[PDB]
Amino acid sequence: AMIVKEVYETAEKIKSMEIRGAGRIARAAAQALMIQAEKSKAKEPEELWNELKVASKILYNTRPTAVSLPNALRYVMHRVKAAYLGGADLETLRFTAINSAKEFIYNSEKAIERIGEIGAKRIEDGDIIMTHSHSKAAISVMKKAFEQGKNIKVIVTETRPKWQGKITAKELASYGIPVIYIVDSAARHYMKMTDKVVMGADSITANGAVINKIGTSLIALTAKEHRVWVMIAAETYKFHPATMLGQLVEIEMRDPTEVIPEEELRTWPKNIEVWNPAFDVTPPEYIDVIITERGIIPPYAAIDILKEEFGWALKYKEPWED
């Protein structure tokens, strides 16, 4: 297959986390398929089809844990596949790929904006909010509540090992929001003063568990301990269809040199191993609501998002498979 350089560049940037955040990654994958379609030099439909299948696999094999990425590839490829099997000519197949990618991308932006609006209504004037990592959907909530005139303060946890809390502190401060930055370890210490916890998600499972940046589950635990609301801001494409049929979500283990830089780690003795899980699992009992672009739900209604938006496709192979 004649795969275009932008597909490989995208895959590499996803892998290395030059591009990151579950939504963003997913939009990047749809964008990559769009560019494979736009630039294909294929002359028959079967040839374009094969490129998009191959491009999809390349993209899918980058980072496993956030289901947004496969859900985006599915969104495009279900549509591409049905056009192809229905006899679509080259330019029709090309345009189905391009347009389906465009749709996912546009709907993703609209979903994140609407999560903002919906979530902002649960934020109250004076609230102190704690967050974790850097989630565009969580930030959309905080930014919108501030734009409505509510005087909020956000506590941002450092989010080791990649220091994602620095991204979030700078972003929220850029909008004029007062920020407090703390190490991850201090989240219990400051939970007494916190009014609301607002975090994102990478995957949400059929039983209502939320998989999100390493450390989410500790914050959610002590929030629950302290009767602080835990709200998860998450697009419908963060919900994980394969978990309806028993699949476990893989926790990505990333390079130990993200924790301890190479120059330092090579001096350490052989009997120290560094483990670097990028995500943990928060059980539904410590989540009060999930805020999707279609509304507020209890975590136990994740199964209904799934049943109604995704369950149909479970009969079939992945749309990129042979």
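Sequential numbering from 1, following the sequence displayed.
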TODO: May I ask you to compare 272-280 and 33-41 by their mean CA B factor in the entry and name the higher one?
DONE: 33-41
Open item on the list: When the Cα temperature factors in the entry are averaged, is it 157-165 or 220-228 that ends up higher?
Closed with: 157-165
Open item on the list: For the CA B factor values reported in this entry, which option in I128, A82, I118, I182 has the top one?
Closed with: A82
- [ ] For the C-alpha B-factor as written in the entry, point me to the maximum among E235, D195, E147, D202.
- [x] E147
- [ ] Ordered by C-alpha B-factor within the chain, which third holds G208? Give me lowest, middle or highest, please.
- [x] lowest
TODO: Grab the CA temperature factor for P178 from the record and place it in the lowest, middle or highest third of its chain.
DONE: middle
TODO: Within this chain's modelled residues, let me know which third the CA B factor of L306 belongs to: lowest, middle or highest.
DONE: highest
Open item on the list: Please say which third, lowest, middle or highest, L48 falls into when its CA temperature factor is compared across its chain.
Closed with: highest
Open item on the list: Is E293 in the lowest, middle or highest third of its chain when residues are ranked by C-alpha B-factor?
Closed with: middle
